[PDB]
Amino acid sequence: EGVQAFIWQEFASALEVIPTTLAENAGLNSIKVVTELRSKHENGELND
Amino acid sequence: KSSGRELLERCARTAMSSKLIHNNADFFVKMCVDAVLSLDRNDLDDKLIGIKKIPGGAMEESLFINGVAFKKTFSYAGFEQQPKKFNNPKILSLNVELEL
Amino acid sequence: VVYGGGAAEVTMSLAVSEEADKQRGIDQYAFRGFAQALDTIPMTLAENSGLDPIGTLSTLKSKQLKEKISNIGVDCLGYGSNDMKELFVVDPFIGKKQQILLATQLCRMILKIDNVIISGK
Amino acid sequence: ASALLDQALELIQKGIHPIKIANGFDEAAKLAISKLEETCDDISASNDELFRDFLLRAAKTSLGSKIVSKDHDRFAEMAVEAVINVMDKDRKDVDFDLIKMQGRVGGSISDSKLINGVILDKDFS
Amino acid sequence: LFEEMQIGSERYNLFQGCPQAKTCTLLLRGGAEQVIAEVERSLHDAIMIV
Amino acid sequence: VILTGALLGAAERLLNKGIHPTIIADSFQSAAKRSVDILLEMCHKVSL
Ligand SMILES: Nc1ncnc2c1ncn2[C@@H]1O[C@H](COP(=O)(O)OP(=O)(O)O)[C@@H](O)[C@H]1O
Ligand SMILES: [Mg+2]
């Protein structure tokens, strides 16, 4: 908790630019992909 | 044997797509449907639906009235002394020019 | 009448955030953009008044979520109390409403433009 | 309006179409304005004495964000006393066209005093 | 009924309560000047359907 | 390059937030160092 919490939060948001572009270039709906991945990850899947 | 009022609302909903109105179509579709129904079915005219390009205000603040407005005109000294609200006034029209 | 000065904006903001949570899909992210867009006004008042936007924005979001009283905003003159009942500030409802209506109705027109042709004079 | 555009520009990058974003903002705007109407307080039930004071609370707000705020108590009475003379005290209308406004370049701003009449810029015959 | 109200820095005289009137009017507002003209021609197309 | 543009877009709004750039810059260095600590954990070894 502190002033650097928002900086680390935006650091995590900007790091997901790669898979957002793969869904954009492939014609897929990106947000879907990013959120799905984020979750399939909550079930213990390290690689998705 | 459906109702006639709902027919105009149903077909006008398609026209309000691909515009800035499609979310505010619930309120403005009633305006044009009630506006065209006031016209005569035999003689439907395109010049009686004039819309004035008045600035200011949000589009949802508009109001539909069966009457007609005109925009105040030149107004020689005399204006802002008469009552600006009447109960049952009588409207007169004159190609008459009343000047000395 | 209403009570502006970030108060209105902060209120509106938490409202939108809760509703945003009750919304799932492309829509939620939007609602979130509308929430963060309303926060720029009290952050601008905090920026011009010199106060910290972190402590100011965090205090309004945390306090307004706890208490239901919705007349606390950004104190720019440097008073010790942020409650606007004592500071003598009042705004109209028709004035604060038109900021959102004319803004959200214009930006629909700004976003629809794809082809932009400018004839040089 | 620029804040909605700045937050919308990133949404498009994330992948969203512009029109969805617009629809969304609009819905959100409705929610917000509404919710504001729910928590809105009305001051019409009070009498004219307390309602007289509420005009100063709002007149001082808009005059506070200008250079006129050196004496906000003094010049706010000018903006309130002018409307007392035009209000009908029941189903009130402002009648804005009657209220004229003219300023002369001269003296200081502290010497400004409200009058009831018409200001002429011409001499006698 | 008849009432004049400054709809936006413009004074306009409005007739009201005319059920026998075979005409109509529309006072469309807008943030900008093209929002008015765009919504003007939009409802003109909507009127053209009905 | 695209991650650099994403972090600059993340740093664009943080400049308006009112946080010093050096605090924002040092935060990415600590976050990048912790990102390497995450990469070494999930690093799957391979044989020659
Ligand atoms: N003394 C004050 N205390 C708290 N808030 C204030 C004070 N003065 C102004 N504000 C807020 O700052 C805002 C400034 O608006 P203003 O700049 O006067 O209008 P505009 O932006 O159209 O010029 C107001 O909406 C009000 O909520
Ligand atoms: Mg102002």
# chains A, B, ... in the order shown; residues from 1 in each chain; ligands from 1

$ residues_near_ligand --ligand "ligand 2" --cutoff "8 Å" --atoms "only C-alpha atoms and all ligand atoms" --output "PyMOL selection string"
chain D and resi 61-63+65-66

$ interface_residues --of "chain B" --to "chain E" --cutoff "8 Å" --atoms "only C-alpha atoms" --output "number ranges by chain"
B: 8, 11-12, 15-16, 19-21, 32-33, 35-36, 38-40, 48-72, 84-89

$ residues_around --residues "residue 1 of chain F" --least-positions-apart "4" --cutoff "12 Å" --atoms "only C-alpha atoms" --output "ChimeraX atom specification"
/A:15,17-18 /F:5-8

$ write_last_selection --atoms "N, CA, C and O atoms" --output "PDB file, in the first residue's frame"
ATOM      1  N   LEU A  15       2.147  -4.407 -19.510  1.00  0.00           N
ATOM      2  CA  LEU A  15       2.870  -5.617 -19.878  1.00  0.00           C
ATOM      3  C   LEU A  15       2.049  -6.550 -20.767  1.00  0.00           C
ATOM      4  O   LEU A  15       2.636  -7.395 -21.451  1.00  0.00           O
ATOM      5  N   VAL A  17       0.508  -5.959 -23.527  1.00  0.00           N
ATOM      6  CA  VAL A  17       0.328  -5.427 -24.874  1.00  0.00           C
ATOM      7  C   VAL A  17       0.602  -6.471 -25.952  1.00  0.00           C
ATOM      8  O   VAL A  17       0.072  -6.349 -27.063  1.00  0.00           O
ATOM      9  N   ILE A  18       1.410  -7.488 -25.665  1.00  0.00           N
ATOM     10  CA  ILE A  18       1.743  -8.518 -26.648  1.00  0.00           C
ATOM     11  C   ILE A  18       0.500  -9.343 -26.981  1.00  0.00           C
ATOM     12  O   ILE A  18       0.111  -9.377 -28.158  1.00  0.00           O
TER      13      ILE A  18
ATOM     14  N   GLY F   5       6.752   1.498 -25.676  1.00  0.00           N
ATOM     15  CA  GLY F   5       5.640   2.386 -25.959  1.00  0.00           C
ATOM     16  C   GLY F   5       4.470   2.185 -25.018  1.00  0.00           C
ATOM     17  O   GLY F   5       3.748   3.137 -24.706  1.00  0.00           O
ATOM     18  N   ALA F   6       4.262   0.951 -24.552  1.00  0.00           N
ATOM     19  CA  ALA F   6       3.183   0.688 -23.606  1.00  0.00           C
ATOM     20  C   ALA F   6       3.498   1.275 -22.236  1.00  0.00           C
ATOM     21  O   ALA F   6       2.610   1.820 -21.570  1.00  0.00           O
ATOM     22  N   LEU F   7       4.755   1.173 -21.797  1.00  0.00           N
ATOM     23  CA  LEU F   7       5.138   1.757 -20.516  1.00  0.00           C
ATOM     24  C   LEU F   7       5.115   3.278 -20.567  1.00  0.00           C
ATOM     25  O   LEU F   7       4.760   3.923 -19.573  1.00  0.00           O
ATOM     26  N   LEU F   8       5.490   3.870 -21.703  1.00  0.00           N
ATOM     27  CA  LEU F   8       5.385   5.317 -21.846  1.00  0.00           C
ATOM     28  C   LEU F   8       3.930   5.765 -21.860  1.00  0.00           C
ATOM     29  O   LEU F   8       3.606   6.827 -21.318  1.00  0.00           O
TER      30      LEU F   8
END

$ select_by_dssp --residues "segment 6-116 of chain D" --states "alpha helix (DSSP H)" --output "short mmCIF file (atom, residue, chain, number, x, y, z; two decimals) with N, CA and C atoms, in the first residue's frame"
data_model
loop_
_atom_site.label_atom_id
_atom_site.label_comp_id
_atom_site.auth_asym_id
_atom_site.auth_seq_id
_atom_site.Cartn_x
_atom_site.Cartn_y
_atom_site.Cartn_z
N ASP D 6 -10.01 10.89 -23.87
CA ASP D 6 -8.74 10.30 -23.44
C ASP D 6 -8.92 8.88 -22.92
N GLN D 7 -9.95 8.65 -22.11
CA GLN D 7 -10.25 7.30 -21.65
C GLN D 7 -10.77 6.41 -22.77
N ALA D 8 -11.41 6.99 -23.79
CA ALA D 8 -11.91 6.20 -24.91
C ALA D 8 -10.78 5.77 -25.84
N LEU D 9 -9.74 6.60 -25.98
CA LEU D 9 -8.64 6.30 -26.90
C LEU D 9 -7.90 5.03 -26.52
N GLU D 10 -7.82 4.76 -25.22
CA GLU D 10 -7.12 3.57 -24.74
C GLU D 10 -8.02 2.37 -24.92
N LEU D 11 -9.33 2.57 -24.79
CA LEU D 11 -10.27 1.48 -24.99
C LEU D 11 -10.20 0.97 -26.42
N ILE D 12 -10.08 1.88 -27.38
CA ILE D 12 -9.98 1.47 -28.78
C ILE D 12 -8.71 0.65 -28.97
N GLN D 13 -7.62 1.06 -28.33
CA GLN D 13 -6.38 0.31 -28.43
C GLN D 13 -6.51 -1.08 -27.84
N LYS D 14 -7.20 -1.19 -26.70
CA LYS D 14 -7.42 -2.49 -26.10
C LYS D 14 -8.16 -3.37 -27.08
N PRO D 18 -15.50 1.92 -31.81
CA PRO D 18 -15.77 3.15 -31.14
C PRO D 18 -17.17 3.24 -30.77
N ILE D 19 -18.03 2.60 -31.51
CA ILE D 19 -19.41 2.77 -31.24
C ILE D 19 -19.83 2.07 -29.94
N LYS D 20 -19.21 0.96 -29.60
CA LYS D 20 -19.55 0.35 -28.36
C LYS D 20 -19.17 1.24 -27.24
N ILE D 21 -18.05 1.90 -27.36
CA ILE D 21 -17.59 2.75 -26.34
C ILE D 21 -18.54 3.88 -26.17
N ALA D 22 -19.04 4.41 -27.25
CA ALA D 22 -20.00 5.46 -27.13
C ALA D 22 -21.26 5.06 -26.46
N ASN D 23 -21.75 3.90 -26.81
CA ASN D 23 -22.98 3.47 -26.23
C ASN D 23 -22.78 3.33 -24.75
N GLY D 24 -21.64 2.81 -24.40
CA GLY D 24 -21.36 2.63 -23.01
C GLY D 24 -21.29 3.89 -22.23
N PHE D 25 -20.63 4.87 -22.78
CA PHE D 25 -20.48 6.06 -22.03
C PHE D 25 -21.85 6.59 -21.85
N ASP D 26 -22.68 6.49 -22.85
CA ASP D 26 -23.99 7.08 -22.73
C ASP D 26 -24.81 6.45 -21.65
N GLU D 27 -24.72 5.15 -21.58
CA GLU D 27 -25.44 4.50 -20.52
C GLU D 27 -24.96 4.92 -19.18
N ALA D 28 -23.68 5.03 -19.08
CA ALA D 28 -23.12 5.42 -17.84
C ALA D 28 -23.52 6.79 -17.44
N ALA D 29 -23.61 7.67 -18.39
CA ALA D 29 -24.01 9.01 -18.13
C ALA D 29 -25.39 9.03 -17.64
N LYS D 30 -26.25 8.24 -18.23
CA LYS D 30 -27.56 8.21 -17.67
C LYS D 30 -27.50 7.77 -16.27
N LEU D 31 -26.77 6.72 -15.95
CA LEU D 31 -26.82 6.28 -14.56
C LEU D 31 -26.39 7.37 -13.69
N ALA D 32 -25.34 8.05 -14.06
CA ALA D 32 -24.84 9.03 -13.16
C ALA D 32 -25.75 10.17 -12.94
N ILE D 33 -26.30 10.69 -13.99
CA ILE D 33 -27.11 11.83 -13.78
C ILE D 33 -28.28 11.41 -12.94
N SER D 34 -28.79 10.22 -13.17
CA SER D 34 -29.96 9.83 -12.45
C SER D 34 -29.67 9.80 -11.02
N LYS D 35 -28.82 8.93 -10.63
CA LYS D 35 -28.36 8.78 -9.26
C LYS D 35 -28.15 10.13 -8.59
N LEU D 36 -27.71 11.13 -9.35
CA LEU D 36 -27.59 12.48 -8.80
C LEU D 36 -28.96 13.06 -8.47
N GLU D 37 -29.98 12.75 -9.27
CA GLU D 37 -31.33 13.22 -8.99
C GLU D 37 -31.88 12.56 -7.73
N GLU D 38 -31.46 11.33 -7.43
CA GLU D 38 -31.95 10.64 -6.24
C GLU D 38 -31.44 11.31 -4.97
N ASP D 48 -39.36 32.78 1.66
CA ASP D 48 -38.56 33.71 0.87
C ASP D 48 -37.34 34.22 1.63
N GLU D 49 -37.38 34.24 2.97
CA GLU D 49 -36.25 34.74 3.74
C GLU D 49 -35.05 33.81 3.62
N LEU D 50 -35.25 32.52 3.90
CA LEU D 50 -34.17 31.55 3.74
C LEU D 50 -33.79 31.38 2.27
N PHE D 51 -34.77 31.45 1.37
CA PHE D 51 -34.47 31.37 -0.06
C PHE D 51 -33.67 32.57 -0.54
N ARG D 52 -33.80 33.72 0.13
CA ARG D 52 -32.97 34.87 -0.20
C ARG D 52 -31.50 34.57 0.05
N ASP D 53 -31.21 33.85 1.14
CA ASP D 53 -29.83 33.52 1.47
C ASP D 53 -29.22 32.53 0.49
N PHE D 54 -30.02 31.61 -0.05
CA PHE D 54 -29.50 30.60 -0.96
C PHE D 54 -28.99 31.20 -2.26
N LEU D 55 -29.52 32.36 -2.67
CA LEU D 55 -29.02 33.02 -3.86
C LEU D 55 -27.59 33.52 -3.65
N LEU D 56 -27.26 33.93 -2.42
CA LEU D 56 -25.90 34.37 -2.12
C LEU D 56 -24.93 33.19 -2.12
N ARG D 57 -25.38 32.01 -1.71
CA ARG D 57 -24.49 30.85 -1.66
C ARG D 57 -24.07 30.41 -3.05
N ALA D 58 -24.95 30.57 -4.04
CA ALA D 58 -24.64 30.25 -5.43
C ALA D 58 -24.02 31.41 -6.18
N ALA D 59 -24.41 32.65 -5.87
CA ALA D 59 -23.83 33.80 -6.54
C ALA D 59 -22.36 33.98 -6.16
N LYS D 60 -22.02 33.68 -4.91
CA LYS D 60 -20.63 33.74 -4.47
C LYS D 60 -19.77 32.64 -5.10
N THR D 61 -20.38 31.53 -5.52
CA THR D 61 -19.61 30.45 -6.12
C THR D 61 -19.05 30.86 -7.48
N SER D 62 -19.92 31.31 -8.38
CA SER D 62 -19.50 31.70 -9.72
C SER D 62 -18.65 32.96 -9.73
N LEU D 63 -18.94 33.92 -8.85
CA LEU D 63 -18.10 35.10 -8.71
C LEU D 63 -16.77 34.81 -8.02
N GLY D 64 -16.68 33.71 -7.26
CA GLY D 64 -15.43 33.35 -6.62
C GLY D 64 -14.35 32.91 -7.57
N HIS D 72 -16.54 39.44 -2.34
CA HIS D 72 -17.61 38.58 -2.83
C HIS D 72 -18.92 38.83 -2.10
N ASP D 73 -18.88 39.30 -0.85
CA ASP D 73 -20.11 39.62 -0.14
C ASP D 73 -20.77 40.86 -0.72
N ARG D 74 -19.98 41.82 -1.20
CA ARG D 74 -20.54 43.09 -1.67
C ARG D 74 -21.15 42.95 -3.06
N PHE D 75 -20.40 42.45 -4.03
CA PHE D 75 -20.87 42.37 -5.41
C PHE D 75 -21.88 41.26 -5.63
N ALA D 76 -21.95 40.26 -4.75
CA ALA D 76 -22.99 39.24 -4.87
C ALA D 76 -24.38 39.80 -4.59
N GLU D 77 -24.48 40.83 -3.75
CA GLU D 77 -25.76 41.48 -3.52
C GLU D 77 -26.27 42.18 -4.78
N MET D 78 -25.36 42.66 -5.63
CA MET D 78 -25.76 43.28 -6.88
C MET D 78 -26.44 42.28 -7.80
N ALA D 79 -25.90 41.06 -7.88
CA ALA D 79 -26.48 40.02 -8.71
C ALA D 79 -27.79 39.47 -8.17
N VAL D 80 -28.03 39.58 -6.86
CA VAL D 80 -29.25 39.06 -6.24
C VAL D 80 -30.34 40.12 -6.19
N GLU D 81 -29.97 41.36 -5.87
CA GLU D 81 -30.96 42.44 -5.78
C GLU D 81 -31.58 42.77 -7.13
N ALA D 82 -30.87 42.52 -8.23
CA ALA D 82 -31.44 42.77 -9.55
C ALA D 82 -32.56 41.80 -9.90
N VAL D 83 -32.49 40.56 -9.40
CA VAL D 83 -33.52 39.56 -9.67
C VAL D 83 -34.71 39.69 -8.72
N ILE D 84 -34.55 40.34 -7.57
CA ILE D 84 -35.68 40.54 -6.67
C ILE D 84 -36.72 41.46 -7.31
#

$ residues_near_ligand --ligand "ligand 1" --cutoff "12 Å" --atoms "only C-alpha atoms and all ligand atoms" --output "short mmCIF file (atom, residue, chain, number, x, y, z; two decimals) with N, CA and C atoms, in the first residue's frame"
data_model
loop_
_atom_site.label_atom_id
_atom_site.label_comp_id
_atom_site.auth_asym_id
_atom_site.auth_seq_id
_atom_site.Cartn_x
_atom_site.Cartn_y
_atom_site.Cartn_z
N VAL C 2 -27.61 21.48 -6.62
CA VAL C 2 -26.65 20.46 -6.25
C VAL C 2 -25.47 21.13 -5.54
N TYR C 3 -24.47 20.32 -5.20
CA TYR C 3 -23.25 20.77 -4.53
C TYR C 3 -22.06 20.19 -5.30
N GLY C 4 -21.45 21.01 -6.15
CA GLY C 4 -20.35 20.58 -6.98
C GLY C 4 -19.01 20.66 -6.28
N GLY C 5 -17.96 21.00 -7.04
CA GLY C 5 -16.63 21.08 -6.47
C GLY C 5 -16.00 19.73 -6.17
N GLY C 6 -16.22 18.74 -7.03
CA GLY C 6 -15.69 17.41 -6.85
C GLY C 6 -16.58 16.45 -6.09
N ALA C 7 -17.52 17.09 -5.41
CA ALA C 7 -18.43 16.35 -4.63
C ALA C 7 -19.30 15.71 -5.58
N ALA C 8 -19.82 16.50 -6.48
CA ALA C 8 -20.75 15.93 -7.37
C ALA C 8 -20.02 14.90 -8.14
N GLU C 9 -18.84 15.23 -8.58
CA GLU C 9 -18.11 14.33 -9.38
C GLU C 9 -17.75 13.10 -8.61
N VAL C 10 -17.34 13.21 -7.37
CA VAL C 10 -16.96 12.02 -6.67
C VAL C 10 -18.15 11.10 -6.48
N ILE C 41 -11.97 15.95 -13.25
CA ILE C 41 -12.38 17.28 -12.79
C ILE C 41 -11.89 17.55 -11.37
N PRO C 42 -12.20 16.73 -10.35
CA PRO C 42 -11.64 17.02 -9.02
C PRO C 42 -10.14 16.85 -8.93
N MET C 43 -9.54 16.01 -9.78
CA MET C 43 -8.08 15.94 -9.83
C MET C 43 -7.49 17.21 -10.44
N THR C 44 -8.20 17.84 -11.37
CA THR C 44 -7.76 19.12 -11.90
C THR C 44 -7.85 20.21 -10.84
N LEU C 45 -8.91 20.19 -10.03
CA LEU C 45 -9.02 21.13 -8.92
C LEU C 45 -7.96 20.87 -7.87
N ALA C 46 -7.63 19.59 -7.64
CA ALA C 46 -6.54 19.26 -6.72
C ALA C 46 -5.19 19.65 -7.30
N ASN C 48 -4.62 22.23 -9.46
CA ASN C 48 -4.51 23.68 -9.42
C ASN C 48 -4.37 24.22 -8.01
N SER C 49 -5.00 23.58 -7.02
CA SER C 49 -4.91 24.00 -5.63
C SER C 49 -3.63 23.53 -4.94
N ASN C 71 -22.09 15.61 -0.04
CA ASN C 71 -21.74 17.01 -0.22
C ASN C 71 -20.32 17.32 0.27
N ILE C 72 -19.39 16.38 0.08
CA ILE C 72 -17.98 16.53 0.41
C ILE C 72 -17.20 16.48 -0.89
N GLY C 73 -16.35 17.49 -1.12
CA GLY C 73 -15.56 17.62 -2.33
C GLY C 73 -14.18 18.17 -2.03
N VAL C 74 -13.56 18.72 -3.07
CA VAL C 74 -12.18 19.20 -3.00
C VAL C 74 -12.20 20.63 -2.50
N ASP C 75 -11.59 20.86 -1.33
CA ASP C 75 -11.44 22.19 -0.77
C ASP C 75 -10.19 22.84 -1.35
N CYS C 76 -10.39 23.84 -2.21
CA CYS C 76 -9.29 24.48 -2.93
C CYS C 76 -8.70 25.68 -2.20
N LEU C 77 -9.49 26.38 -1.38
CA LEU C 77 -9.00 27.54 -0.65
C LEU C 77 -8.17 27.18 0.58
N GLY C 78 -8.04 25.90 0.92
CA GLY C 78 -7.18 25.49 2.01
C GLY C 78 -7.82 25.51 3.38
N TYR C 79 -9.14 25.36 3.45
CA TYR C 79 -9.80 25.28 4.74
C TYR C 79 -9.52 23.94 5.41
N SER C 81 -11.74 21.97 6.98
CA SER C 81 -12.85 21.04 6.82
C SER C 81 -13.28 21.00 5.36
N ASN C 82 -13.53 19.79 4.86
CA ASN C 82 -13.96 19.57 3.49
C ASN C 82 -15.48 19.53 3.33
N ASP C 83 -16.24 19.54 4.42
CA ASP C 83 -17.69 19.56 4.34
C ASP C 83 -18.15 20.91 3.79
N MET C 84 -18.92 20.86 2.70
CA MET C 84 -19.33 22.06 1.98
C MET C 84 -20.62 22.68 2.52
N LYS C 85 -21.20 22.13 3.60
CA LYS C 85 -22.33 22.80 4.24
C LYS C 85 -21.91 24.13 4.85
N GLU C 86 -20.69 24.19 5.39
CA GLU C 86 -20.18 25.38 6.06
C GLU C 86 -19.45 26.35 5.13
N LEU C 87 -19.02 25.90 3.95
CA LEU C 87 -18.20 26.72 3.06
C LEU C 87 -19.00 27.62 2.13
N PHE C 88 -20.34 27.50 2.10
CA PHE C 88 -21.20 28.37 1.30
C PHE C 88 -20.90 28.25 -0.19
N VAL C 89 -21.12 27.05 -0.73
CA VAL C 89 -20.96 26.77 -2.16
C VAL C 89 -22.17 25.97 -2.63
N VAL C 90 -22.84 26.48 -3.67
CA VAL C 90 -24.03 25.87 -4.25
C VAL C 90 -23.96 26.07 -5.75
N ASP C 91 -24.40 25.04 -6.52
CA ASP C 91 -24.46 25.05 -7.98
C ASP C 91 -25.83 24.55 -8.46
N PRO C 92 -26.26 24.90 -9.67
CA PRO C 92 -27.56 24.42 -10.15
C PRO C 92 -27.46 23.02 -10.74
N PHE C 93 -28.62 22.35 -10.77
CA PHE C 93 -28.68 21.00 -11.33
C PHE C 93 -28.67 21.04 -12.86
N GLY C 95 -27.15 23.19 -14.67
CA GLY C 95 -25.81 23.53 -15.12
C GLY C 95 -24.86 22.35 -15.08
N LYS C 96 -24.86 21.60 -13.98
CA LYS C 96 -23.98 20.44 -13.87
C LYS C 96 -24.44 19.30 -14.77
N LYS C 97 -25.73 19.22 -15.07
CA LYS C 97 -26.22 18.17 -15.96
C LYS C 97 -25.73 18.37 -17.38
N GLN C 98 -25.75 19.62 -17.87
CA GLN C 98 -25.37 19.90 -19.25
C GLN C 98 -23.89 19.63 -19.53
N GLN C 99 -23.04 19.61 -18.49
CA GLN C 99 -21.64 19.25 -18.69
C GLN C 99 -21.51 17.82 -19.18
N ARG D 57 -25.38 32.01 -1.71
CA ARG D 57 -24.49 30.85 -1.66
C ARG D 57 -24.07 30.41 -3.05
N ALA D 58 -24.95 30.57 -4.04
CA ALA D 58 -24.64 30.25 -5.43
C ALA D 58 -24.02 31.41 -6.18
N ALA D 59 -24.41 32.65 -5.87
CA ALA D 59 -23.83 33.80 -6.54
C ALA D 59 -22.36 33.98 -6.16
N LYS D 60 -22.02 33.68 -4.91
CA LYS D 60 -20.63 33.74 -4.47
C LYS D 60 -19.77 32.64 -5.10
N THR D 61 -20.38 31.53 -5.52
CA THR D 61 -19.61 30.45 -6.12
C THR D 61 -19.05 30.86 -7.48
N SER D 62 -19.92 31.31 -8.38
CA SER D 62 -19.50 31.70 -9.72
C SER D 62 -18.65 32.96 -9.73
N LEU D 63 -18.94 33.92 -8.85
CA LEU D 63 -18.10 35.10 -8.71
C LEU D 63 -16.77 34.81 -8.02
N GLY D 64 -16.68 33.71 -7.26
CA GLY D 64 -15.43 33.35 -6.62
C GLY D 64 -14.35 32.91 -7.57
N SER D 65 -14.72 32.37 -8.73
CA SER D 65 -13.78 31.91 -9.74
C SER D 65 -13.37 33.00 -10.73
N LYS D 66 -13.61 34.28 -10.42
CA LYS D 66 -13.28 35.42 -11.26
C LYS D 66 -12.41 36.39 -10.47
N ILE D 67 -11.99 37.47 -11.13
CA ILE D 67 -11.25 38.54 -10.46
C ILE D 67 -12.15 39.46 -9.63
N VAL D 68 -13.47 39.29 -9.69
CA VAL D 68 -14.39 40.13 -8.94
C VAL D 68 -14.45 39.73 -7.46
N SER D 69 -13.80 38.63 -7.06
CA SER D 69 -13.97 38.05 -5.73
C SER D 69 -13.19 38.77 -4.63
N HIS D 72 -16.54 39.44 -2.34
CA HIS D 72 -17.61 38.58 -2.83
C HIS D 72 -18.92 38.83 -2.10
#

$ closest_residue --among "A:7, A:31, A:26, A:12" --to "chain D" --atoms "only C-alpha atoms"
A:31

$ interface_residues --of "chain C" --to "chain D" --cutoff "7 Å" --atoms "only C-alpha atoms" --output "list in words"
residues 1, 2, 12, 15, 16, 27, 30, 31, 33, 34, 37, 40, 88, 89, 90, 91, 97, 100, 103, 104, 107, 108 and 111 of chain C

$ closest_residue --among "A:4, A:25, A:30, A:20" --to "chain F" --atoms "only C-alpha atoms"
A:4

$ closest_atom_pairs --of "chain D" --to "chain E" --cutoff "12 Å" --atoms "only C-alpha atoms" --output "JSON lines"
{"residue": "D:1", "atom": "CA", "partner": "E:31", "partner_atom": "CA", "distance": 10.8}
{"residue": "D:93", "atom": "CA", "partner": "E:5", "partner_atom": "CA", "distance": 9.3}
{"residue": "D:94", "atom": "CA", "partner": "E:5", "partner_atom": "CA", "distance": 9.9}
{"residue": "D:95", "atom": "CA", "partner": "E:5", "partner_atom": "CA", "distance": 8.8}
{"residue": "D:96", "atom": "CA", "partner": "E:6", "partner_atom": "CA", "distance": 8.6}
{"residue": "D:97", "atom": "CA", "partner": "E:11", "partner_atom": "CA", "distance": 9.4}

$ write_last_selection --atoms "N, CA, C and O atoms" --output "short mmCIF file (atom, residue, chain, number, x, y, z; two decimals), in the first residue's frame"
data_model
loop_
_atom_site.label_atom_id
_atom_site.label_comp_id
_atom_site.auth_asym_id
_atom_site.auth_seq_id
_atom_site.Cartn_x
_atom_site.Cartn_y
_atom_site.Cartn_z
N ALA D 1 -15.35 16.61 -21.75
CA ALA D 1 -15.42 16.00 -23.07
C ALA D 1 -14.07 15.42 -23.48
O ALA D 1 -14.00 14.34 -24.07
N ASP D 93 -40.88 33.76 -13.30
CA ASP D 93 -40.12 33.80 -14.54
C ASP D 93 -39.11 34.94 -14.45
O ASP D 93 -39.39 36.00 -13.87
N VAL D 94 -37.93 34.72 -15.03
CA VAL D 94 -36.84 35.68 -14.86
C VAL D 94 -37.09 36.96 -15.64
O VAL D 94 -36.85 38.06 -15.13
N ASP D 95 -37.60 36.85 -16.87
CA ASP D 95 -37.76 37.99 -17.78
C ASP D 95 -36.42 38.70 -17.99
O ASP D 95 -36.23 39.87 -17.66
N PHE D 96 -35.48 37.93 -18.55
CA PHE D 96 -34.09 38.36 -18.64
C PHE D 96 -33.89 39.60 -19.51
O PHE D 96 -32.94 40.35 -19.28
N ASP D 97 -34.77 39.83 -20.49
CA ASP D 97 -34.59 40.95 -21.41
C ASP D 97 -34.73 42.31 -20.72
O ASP D 97 -34.14 43.29 -21.19
#

$ closest_residue --among "C:36, C:105, C:56, C:28" --to "chain E" --atoms "only C-alpha atoms"
C:105

$ atom_distance --atom1 "atom CA of residue 13 of chain B" --atom2 "atom CA of residue 29 of chain B"
7.0 Å

$ atom_distance --atom1 "atom CA of residue 86 of chain D" --atom2 "atom CA of residue 113 of chain D"
18.4 Å

$ closest_atom_pairs --of "chain B" --to "chain D" --cutoff "10 Å" --atoms "only C-alpha atoms" --output "JSON lines"
{"residue": "B:18", "atom": "CA", "partner": "D:19", "partner_atom": "CA", "distance": 9.5}
{"residue": "B:20", "atom": "CA", "partner": "D:22", "partner_atom": "CA", "distance": 9.4}
{"residue": "B:22", "atom": "CA", "partner": "D:23", "partner_atom": "CA", "distance": 8.7}
{"residue": "B:23", "atom": "CA", "partner": "D:23", "partner_atom": "CA", "distance": 6.8}
{"residue": "B:24", "atom": "CA", "partner": "D:26", "partner_atom": "CA", "distance": 9.1}
{"residue": "B:79", "atom": "CA", "partner": "D:97", "partner_atom": "CA", "distance": 9.5}
{"residue": "B:80", "atom": "CA", "partner": "D:98", "partner_atom": "CA", "distance": 6.9}
{"residue": "B:81", "atom": "CA", "partner": "D:98", "partner_atom": "CA", "distance": 9.0}
{"residue": "B:84", "atom": "CA", "partner": "D:95", "partner_atom": "CA", "distance": 9.2}

$ closest_atom_pairs --of "chain F" --to "chain C" --cutoff "9 Å" --atoms "only C-alpha atoms" --output "JSON lines"
{"residue": "F:16", "atom": "CA", "partner": "C:47", "partner_atom": "CA", "distance": 8.7}
{"residue": "F:17", "atom": "CA", "partner": "C:53", "partner_atom": "CA", "distance": 6.6}
{"residue": "F:18", "atom": "CA", "partner": "C:53", "partner_atom": "CA", "distance": 6.7}
{"residue": "F:19", "atom": "CA", "partner": "C:54", "partner_atom": "CA", "distance": 8.8}

$ residues_around --residues "residue 19 of chain A" --least-positions-apart "2" --cutoff "9 Å" --atoms "only C-alpha atoms" --output "PyMOL selection string"
chain A and resi 16-17+21-24+30+33-34

$ write_last_selection --atoms "C-alpha atoms" --output "CSV table (one decimal), in the first residue's frame"
chain,number,residue,atom,x,y,z
A,16,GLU,CA,-0.2,-7.3,-21.6
A,17,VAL,CA,0.3,-5.4,-24.9
A,21,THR,CA,-1.9,-7.4,-30.5
A,22,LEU,CA,-2.0,-11.1,-31.4
A,23,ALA,CA,-5.8,-11.1,-31.0
A,24,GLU,CA,-6.0,-7.9,-33.0
A,30,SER,CA,-9.0,-9.3,-27.8
A,33,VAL,CA,-8.7,-13.3,-24.9
A,34,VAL,CA,-7.0,-11.3,-22.3

$ atom_distance --atom1 "atom CA of residue 13 of chain C" --atom2 "atom CA of residue 61 of chain C"
8.3 Å
